[PDB]
Amino acid sequence: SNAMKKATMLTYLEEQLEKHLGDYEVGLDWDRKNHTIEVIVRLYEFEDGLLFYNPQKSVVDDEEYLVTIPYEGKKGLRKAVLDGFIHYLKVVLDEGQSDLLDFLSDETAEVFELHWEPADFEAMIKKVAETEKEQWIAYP
Amino acid sequence: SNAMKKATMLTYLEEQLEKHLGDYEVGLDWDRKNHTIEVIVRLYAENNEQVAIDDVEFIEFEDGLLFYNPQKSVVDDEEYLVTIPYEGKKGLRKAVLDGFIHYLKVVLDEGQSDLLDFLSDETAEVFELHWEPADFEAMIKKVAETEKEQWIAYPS
Ligand SMILES: [Zn+2]
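Cut-offs used in this document
- Residues numbered from 1 in each chain as written, not as in the entry; some residues may be left out.
- Chains lettered and ligands numbered in written order.
- Heavy atoms only, no water.
- Helix = DSSP H or I, 4+ residues; strand = E, 2+ residues; numbered from the N terminus.
- Buried < 20%, exposed > 50% of the residue type's maximum accessible area, 1.4 Å probe, protein only.
- Areas by Shrake-Rupley, 256 points an atom, 1.4 Å probe, with all protein chains shown as cover.
- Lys, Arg positive; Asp, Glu negative; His and termini not counted.
- Charge placed at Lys NZ, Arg CZ, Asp CG, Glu CD.
- Salt bridge = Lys/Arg side-chain N within 4 Å of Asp/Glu carboxyl O.
- Patch = residues over 30% accessible without salt bridge, like charges linked within 9 Å, V, L, I, M, F, W, Y side chains within 5 Å.
- Core = buried A, V, L, I, M, F, W, Y, C linked by side-chain atoms within 4.5 Å.
- Contact = heavy atoms within 4.5 Å.
- Pairing = 2+ DSSP bridges.
- Buried area = accessible area lost by both parts, 1.4 Å probe.
- Polar contact = N/O pair within 3.5 Å; in protein donor to acceptor, adjacent residues only side chain to side chain.

(A) Representation of the overall build of chain B. What chain B contains, in helices and strands, is three helices and six strands. Listed by position from the N terminus, the elements making up chain B come as α-β-β-β-β-β-α-α-β. Here chain B, with 156 residues, has 43% of them falling under the buried criterion. If you sum the accessible surface of chain B, you get close to 10000 Å²; carbon and sulfur atoms cover 46% of it. Side chains of chain B carry 15 positive and 36 negative charges; the gap between the two charge centres is 19 Å.

(B) Examining the pattern of salt bridges more closely. One pass over the structure, following the stated rule, counts 12 salt bridges over all chains. Notably, a salt bridge pairs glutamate 130 of chain A with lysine 126 of chain A, separated by 3.0 Å at the nearest N-O pair. A relative accessible area of 45% places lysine 126 of chain A in the partly exposed class. Connected through salt bridges with shared partners, the residues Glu25, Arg42, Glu60 and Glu62 of chain B form a single ionic network.

(C) Just a nonpolar patch on the surface, in detail. The grouping of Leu101, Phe103 and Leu104 of chain A at the surface amounts to a nonpolar patch, some 290 Å² of accessible area in total. Among the secondary structure elements, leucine 101 of chain A is positioned in the loop between α2 (79–100) and α3 (118–128).

(D) Highlighting the nonpolar core. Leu65, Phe67, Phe100, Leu104 and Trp131 of chain B are the most contacted members of the largest nonpolar core, which totals 41 residues. Looking at this core, the elements with two or more residues in it are α1 (9–20), β2 (36–46), β3 (58–68), α2 (94–118) and α3 (133–144) of chain B. Sorting elements by how many residues they give to this core places α2 of chain B first, with 11 residues. Setting aside chain neighbours within four positions, we find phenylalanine 67 of chain B in contact with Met9, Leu13, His35, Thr36, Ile37, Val39, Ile84, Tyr86, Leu92, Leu97 and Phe100 of chain B. If you look at the next biggest cluster of nonpolar residues, it comprises 33 residues, including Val39, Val67, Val81 and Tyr139 of chain A.

(E) Representation of the pairing of strand β5 (residues 50–53) of chain A. Residues and elements named next belong to chain A. The two faces of β5 match: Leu50 and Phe52 on one face and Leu51 and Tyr53 on the other face are all buried. Taken together, the two bridges between strand β2 (residues 36–38) and β5 define a ladder with antiparallel strand orientation. Note on β5: the bridge partner recorded for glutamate 38 is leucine 51. Inspection of the sheet shows β5 paired to strand β6 (residues 67–70) by four bridges, in the parallel sense. Opposite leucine 50, over in β6, you have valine 67 as the bridge partner.

(F) Highlighting a negative patch on the surface. All names here are of chain A. A surface patch of like charges, here negative, comprises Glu14, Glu18, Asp23, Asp94, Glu95, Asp99, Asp102 and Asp106. When residues of the negative patch are traced back to their parent elements, those giving at least two are α1 (9–19) and α2. With three residues, α2 is the largest single contributor of residues to the negative patch. Within the secondary structure, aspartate 102 is located in the loop between α2 and α3.

(G) Geometry of the interface of chain B and chain A. Facing 10 residues of chain B, the contacting portion of chain A comprises nine residues. Together, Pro70, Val75 and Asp77 of chain B form the three largest contributors to the area buried by chain B at its contact with chain A, with a combined 47%. The tally of links between chain B and chain A comes to zero salt bridges. Applying the counting criterion to the chain B and chain A interface returns two residue pairs in polar contact.

Now the structure itself:
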């Protein structure tokens with residue numbers, strides 16, 4: 001009934017993360033002091049983060065995360081990218097699980113990590129940016 | 001034959017560095033793989049009171065300022081003094097490259113001052129270099145009113 005929001009990358013991610021990936025312990029951390037938004041994710045235990053930063057104010061060590069992604073401060077990011085993200089993400093998680101199991105039984109396996117290919121991800125941004133015109137989700 | 005080329009960040013920096021900061025110990029590292037250009041910087045000072053510092057007669061302080069492609073480079077912001085993003089091939093507006101040069105000089109001037117003060121002011125706890133974005137921005141603004149926008153691309 002009474003549902004009305006301000007459309008930020010935050011709320012948008014929220015919604016899209018429950019409407020496309022509600023099966024997972026995918027969480028969100030907003031470090032507003034360091035203008036960053038982490039997508040804490042847990043697979044069942046394995047935990048990695050994905051980061052959104054403003055290169056003009058955020059401090060970051062790319063290595064602590066699977067991906068780092070810059071947004072344009074105030075403007076935020078393109079919907080056609082936040083989409084390509086939440087989709088390519090499922091790709092990486094679903095593909096992540098089928099290989100996470102192959103780590104518990106395949107004694108031939110050595111280390112388990114997640115694979116985020118930028119190339120395939122860029123392709124995802126195209127895949128989605130082919131349905132709607134420019135839309136920009138702002139940052140809080 | 002001979003060709004003529006519009007400046008790129010690497011050449012432009014190298015050029016400006018020698019032109020405006022010859023008196024200082026400044027180097028460049030082009031990490032081609034990581035799509036990154038680092039400006040290395042060294043201050044020296046004579047140690048008299050044989051003041052006891054951590055880790056290590058003539059002290060040396062080194063630091064670095066990094067240019068990176070946010071779409072390409074992998075970077076630990078915390079390894080450098082500043083971490084300046086550029087726009088893939090587009091590069092950076094000249095005014096930014098220029099504001100950088102002129103602010104960097106300020107930073108090293110004040111740096112060398114603070115260093116000498118470090119070794120003689122028994123009250124000084126720590127010495128480092130200070131990069132105030134607001135002062136950087138102001139430098140850029142100050143140049144951006146001198147001349148007309150012009151971009152300086154990234155090497156190929
Ligand atoms: Zn960074």
